[PDB]
2 protein chains.
Amino acid sequence: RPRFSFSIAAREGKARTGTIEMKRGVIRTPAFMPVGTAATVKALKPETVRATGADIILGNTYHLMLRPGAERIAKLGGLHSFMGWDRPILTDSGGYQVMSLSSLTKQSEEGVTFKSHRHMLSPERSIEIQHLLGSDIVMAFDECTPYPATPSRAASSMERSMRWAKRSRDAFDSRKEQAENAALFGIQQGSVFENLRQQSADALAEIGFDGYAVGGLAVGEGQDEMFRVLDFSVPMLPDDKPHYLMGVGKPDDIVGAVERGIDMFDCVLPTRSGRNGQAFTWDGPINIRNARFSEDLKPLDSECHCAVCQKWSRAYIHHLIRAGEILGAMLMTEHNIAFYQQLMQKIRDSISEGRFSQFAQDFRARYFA
Amino acid sequence: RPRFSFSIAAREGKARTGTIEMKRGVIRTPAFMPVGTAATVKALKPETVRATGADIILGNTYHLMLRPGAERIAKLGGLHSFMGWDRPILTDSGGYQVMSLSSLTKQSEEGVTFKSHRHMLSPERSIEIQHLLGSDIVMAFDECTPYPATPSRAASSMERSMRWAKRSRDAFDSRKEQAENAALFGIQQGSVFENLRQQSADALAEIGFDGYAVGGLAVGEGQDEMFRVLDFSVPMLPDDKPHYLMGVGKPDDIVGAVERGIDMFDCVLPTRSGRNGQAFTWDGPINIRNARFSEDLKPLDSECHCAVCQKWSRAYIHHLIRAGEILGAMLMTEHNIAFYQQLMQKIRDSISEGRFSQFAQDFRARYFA
Ligand SMILES: N#Cc1c[nH]c2nc(N)[nH]c(=O)c12
Ligand SMILES: N#Cc1c[nH]c2nc(N)[nH]c(=O)c12
Ligand SMILES: [Zn+2]
Ligand SMILES: [Zn+2]
C-alpha cells in the first residue's frame with residue numbers, strides 16, 4: 001500500500017465514509033480508535049482488539065516516554081512488535097497529557113519540562129519519540145487550551161500551537177525514514193472561538209498535513225457547545241483529508257460529530273467505563289453492578305454480536321465485577337469496544353447507503369429512551 | 001459416556017497414567033486442575049483454560065455459597081452454564097476453606113457455623129451446595145487438620161472426618177439425580193501419622209467412593225515430610241480408583257507425588273504466582289519483575305508452546321506487570337497454566353513409554369540447576 005491515501009467513497013450532508021490506506025493496513029472511516037496506554041488496550045489481547053473490528057489503535061507519547069521509555073522500545077523493535085499489534089497505530093504527541101498528568105510543569109516557547117510519578121518535551125522531541133515508537137500516524141506537538149478560556153489566552157495558546165505545528169512538520173520531514181513511512185496530522189486549536197479556529201485552520205493548511213485533528217473540544221465543553229464549535233470548525237479544514245476529533249467518544253457524541261464531518265475518534269470511555277461496570281447498549285448505558293442484574297440471564301445487549309454477548313449473561317458479569325474479578329474487566333471491555341466498532345460500522349454502512357440521517361435519528365430515539 | 005469410569009492404561013513403579021470418563025468429558029491422568037474461585041479461573045476465559053490443555057477445573061463450595069450463592073447459581077442454570085465451562089468440574093467441599101478464610105467459626109459434630117467478609121456448613125449442606133452448583137466430582141465434607149498436630153488431636157480430627165465421610169456418602173446417594181450423574185470422592189486425613197492414615201484409608205474404603213483424595217498435606221509440611229507421608233499413605237488407598245492430592249502443585253511436588261501414585265492435583269500457585277510476577281520455566285521459576293528482564297526479548301520459556309511464548313517477550317510482560325496492567329496478569333496466568341499442563345503431558349507420555357523415572361530425574365536436574 002501507499003504511505004498514505006485517504007479516499008472518500010460516499011457522502012451524505014457533511015458526513016463521509018471511506019478509507020485511509022497505509023503501509024500497515026487499511027482504516028475504514030468513520031473510525032474509532034481504542035486507546036492503548038502503557039502499550040496495551042487495557043484488559044485485551046491485541047487479537048481481541050482486532051476481533052472487535054478495530055483497524056487502528058492509539059498510543060501515547062507521554063506515558064511511553066516515561067515507561068518503558070522511547071529509546072528502549074526502539075531497541076526492542078518498535079511498539080508494534082513490543083505489544084503485538086501489527087496494524088496502524090496513531091500516537092498522540094503528549095501535548096495534552098503532559099499538562100494533565102504531570103506533577104509539576106514549566107511551559108515555554110521551546111516546549112514543556114515536567115516531573116512525573118524531570119523531563120522535557122518539545123515539538124522536536126515529541127516527533128522523535130513517535131519515530132522511535134514506530135508510529136504510523138504522528139500527531140503534531142500542541143497545547144490543549146483549558147476550557148473555558150478567555151479570548152486572549154485562547155489566542156496566545158493557539159498561536160503557540162501553530163508555531164509548534166510548523167516545528168513538528170519540519171522535524172518530521174527531516175527524518176527520511178519517518179517521512180517516507182508514516183503520516184503527520186496537524187491539530188486545530190482556538191477554544192470555542194470561530195475567528196481563532198479559522199486562523200488555526202488556515203495556518204495548518206498553509207503548512208500542509210496528511211490529516212487534520214480538531215483539538216481542545218474534549219476538556220469540559222458540553223455536547224451542545226462542542227457541536228456548535230464543530231459546525232463552523234470542520235468546514236474550515238481541507239475537505240480531502242481526514243478530520244480527527246480528539247478525545248471524543250460517547251456514542252451520541254460520535255454520531256453527532258460524524259454528522260458534522262468528522263472521520264476519526266478516540267476516547268478511553270469504552271475501556272475505562274467498562275472496567276467501572278458501565279456497559280453500552282442500543283438502549284443506553286447500564287451499570288452492570290446494579291442489583292437488578294444479579295439474576296438477569298440476558299446478554300449485555302440484545303443485538304450485540306460480540307463474543308461476550310454470545311456466551312455470558314449479565315448475571316455472570318454482574319457477579320464478576322462485584323467480586324473485583326479480572327475476567328469482569330476483560331468481558332466488559334471487549335463488549336464495550338465491540339459495541340463502539342459496531343456503531344462505526346452502522347454509521348459507515350448508512351452513509352454508504354444514503355440513510356445516515358435516518359440512522360442518526362433512530363439511534364437517538366432508542367438510545368435516549 | 002458413563003457417569004464415571006477410571007481406566008489405567010500404563011504403569012511404571014507406583015506411577016499410573018490413564019483416563020477418567022465422565023458425562024461431561026474425559027480427564028487424562030495424571031491431571032492438574034486449575035483452580036476457579038468466584039466462578040472464574042482468574043484472568044482467563046474458559047476457552048483459554050481449555051486451550052492450555054486443562055480437562056477439568058476446580059470450583060469451591062465455600063466461596064460460591066457466599067457469592068453469588070448456591071441457590072442463585074442453581075436458578076441460573078448451574079455453574080457450568082454460569083461461567084461458560086462445559087467440561088467436568090470438581091468442587092471442594094468447603095471443609096478446608098471455612099476454617100481458613102472465615103472471620104469467626106464454631107466447630108461441632110454437626111458441622112461448622114461461621115461469619116464471612118452467619119452461615120452453617122455440614123456434610124449434608126456441603127453435598128447439597130455441590131449438587132446445586134451441578135458439580136461433576138463432589139468432595140466429601142471433611143476437616144483439614146492443622147499442621148503440626150499432636151497424635152491425639154489428629155486422631156480426633158480424622159475420626160470426625162470419617163463420620164462426616166459416611167454422612168457425605170449417604171447425602172449424595174439420597175439425591176437420585178446427583179448419584180446418577182456425578183461422582184463422590186472421599187478424603188483421607190490423619191496428619192503425618194501412619195496408623196491414623198491407615199485407619200482413615202480403611203474407613204473410606206469400607207464406605208466406598210469413586211475416588212480417594214489425600215487431604216491435609218498442603219498446610220505447612222515441607223516436601224520431604226509430604227513425600228514421606230505419601231510413601232505409606234497412597235498404597236493404603238484402593239488401587240483401581242483415582243488418587244487425588246489436594247492443594248499440592250509446585251512442579252517438583254507434582255513429579256514426586258506422581259512417582260508415589262497420585263493421579264490428580266490442584267493448586268492456586270500457577271494463577272496466584274502468575275499475577276505476582278512468577279513465571280515457571282523448565283529451568284526453574286523466574287520473577288518477571290526483575291530488572292534483568294527489562295530488555296529481554298526471549299519468551300518466558302524457551303520451549304513452551306503456549307500462545308504467550310509464541311507472541312510476547314519477557315521484556316513486554318515485565319513492563320506490563322511492573323505497570324500493574326491487567327494484560328500482564330492475563331499473559332502470566334495463561335503461560336503458567338499452560339506450563340503446568342505441559343508438565344502433566346510430559347508425565348503422562350513418559351509413563352506410557354516406560355521412561356517416567358528418567359523424565360523425573362532429568363526434570364529435577366534442569367529445574368533445580
Ligand atoms: N480536547 C482534547 C484533546 C484530547 N486529546 C488531545 N491531544 C492533543 N494532542 N491535543 C488536544 O487538544 C487533545
Ligand atoms: N492440605 C490440604 C487441602 C487442600 N485442600 C483441601 N480441601 C479439603 N476439603 N480438605 C483438605 O485437607 C485440603
Ligand atoms: Zn456484546
Ligand atoms: Zn508459555
Side-chain angles (χ1 to χ4, degrees), chain A residues 36-49 63-64 66-69 71-77 79-86 271 274-275 293-297 307-308 310-334, chain B residues 36-49 63-64 66-69 71-77 79-86 271 274-275 293-297 307-308 310-334:
Chain A
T37 292
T40 166
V41 174
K42 291 170 182 162
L44 300 177
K45 281 182 179 176
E47 62 196 70
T48 303
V49 177
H63 308 270
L64 300 172
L66 298 179
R67 187 173 59 179
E71 275 79 6
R72 173 166 295 168
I73 286 173
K75 292 178 182 178
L76 300 179
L79 183 56
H80 293 87
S81 172
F82 189 57
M83 69 185 295
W85 171 266
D86 66 19
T271 43
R275 304 195 300 279
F293 299 118
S294 63
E295 306 187 336
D296 190 337
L297 292 167
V308 183
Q310 179 182 59
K311 318 187 186 196
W312 299 281
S313 67
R314 285 171 177 186
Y316 181 58
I317 301 172
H318 164 90
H319 157 72
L320 250 34
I321 292 291
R322 287 182 59 139
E325 284 291 339
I326 291 171
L327 183 54
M330 292 162 57
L331 265 35
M332 287 289 292
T333 301
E334 178 174 351
Chain B
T37 292
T40 166
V41 174
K42 291 170 182 162
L44 300 177
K45 281 182 179 176
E47 62 196 70
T48 303
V49 177
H63 308 270
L64 300 172
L66 298 179
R67 187 173 59 179
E71 275 79 6
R72 173 166 295 168
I73 286 173
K75 292 178 182 178
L76 300 179
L79 183 56
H80 293 87
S81 172
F82 189 57
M83 69 185 295
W85 171 266
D86 66 19
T271 43
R275 304 195 300 279
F293 299 118
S294 63
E295 306 187 336
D296 190 337
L297 292 167
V308 183
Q310 179 182 59
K311 318 187 186 196
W312 299 281
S313 67
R314 285 171 177 186
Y316 181 58
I317 301 172
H318 164 90
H319 157 72
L320 250 34
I321 292 291
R322 287 182 59 139
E325 284 291 339
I326 291 171
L327 183 54
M330 292 162 57
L331 265 35
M332 287 289 292
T333 301
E334 178 174 351

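Here is the naming used below: chain letters follow the sequence lines, and residue numbers restart at 1 for every chain. As a basis for the values below, the full set of heavy atoms in this structure was taken, side chains included, without hydrogen atoms, waters or symmetry mates.
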Q: Heavy-atom pairs under 4.5 Å with chain B: which of A:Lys42, A:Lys75, A:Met83 has the most?
A: A:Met83
Q: Examine whether an atom of A:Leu297 lies under 4.5 Å from a heavy atom of chain B, and if so say whether it belongs to the side chain, the backbone or both; otherwise answer neither.
A: side chain
Q: Using a cut-off of under 4.5 Å for heavy-atom pairs, which of A:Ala329, A:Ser313, A:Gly69, A:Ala39 has the most such pairs with chain B?
A: A:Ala39
Q: Which word best sums up how the rings of A:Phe82 and B:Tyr316 line up, parallel for under 30°, tilted for 30 to 60°, or perpendicular for over 60°?
A: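 The rings of A:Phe82 and B:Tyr316 stand perpendicular, inter-plane angle above 60°.
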Q: Which pair of heavy atoms, one from A:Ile326 and one from B:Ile326, lies closest together, and at what distance?
A: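 Smallest interatomic distance, heavy atoms only, reads CG2-CG2, 3.4 Å.
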Q: For B:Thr37, which atoms come within 4.5 Å of any heavy atom of chain A: side chain, backbone, both, or neither?
A: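 B:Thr37 touches chain A through backbone heavy atoms alone.
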Q: Give me the atom names and distance for the closest heavy-atom approach of B:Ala38 to A:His319.
A: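 What the structure gives for the nearest pair is O-NE2, 2.9 Å.
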Q: Examine whether an atom of A:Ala43 lies under 4.5 Å from a heavy atom of chain B, and if so say whether it belongs to the side chain, the backbone or both; otherwise answer neither.
A: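 Both parts, heavy atoms under 4.5 Å.
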Q: Side chain, backbone, both or neither: which part of A:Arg322 has an atom under 4.5 Å from a heavy atom of chain B?
A: backbone
Q: At a 4.5 Å cut-off on heavy atoms, which part of A:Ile73 comes close to chain B: side chain, backbone, both, or neither?
A: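 When you check distances to chain B, no heavy atom of A:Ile73 falls under 4.5 Å.
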Q: Between B:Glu295 and chain A, with a heavy-atom cut-off of 4.5 Å, which part of the residue counts as in contact: side chain, backbone, both or neither?
A: both
Q: Closest heavy-atom contact between B:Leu76 and A:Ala315?
A: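 For B:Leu76 and A:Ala315, the tightest heavy-atom pair comes out as CD1-CB, 3.8 Å.
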Q: Please test B:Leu331 against A:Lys45 for side-chain contact (heavy atoms from CB on, under 4.5 Å), starting from the C-alpha separation and ending with a verdict.
A: CA-CA 9 Å; B:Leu331 265 35; A:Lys45 281 182 179 176; 4.0 Å; yes
Q: Please determine whether a side-chain nitrogen of the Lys or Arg among A:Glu325 and B:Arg67 lies less than 4.0 Å from a carboxylate oxygen of the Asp or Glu.
A: no
Q: Minimum heavy-atom separation for B:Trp312 and A:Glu47, please, with both atom names.
A: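 Distance-wise, the nearest heavy atoms are CH2-OE1, 4.3 Å.
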Q: Which pair of non-hydrogen atoms, one from A:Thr40 and one from B:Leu327, has the smallest distance, and what is that distance?
A: OG1-CD2, 3.5 Å
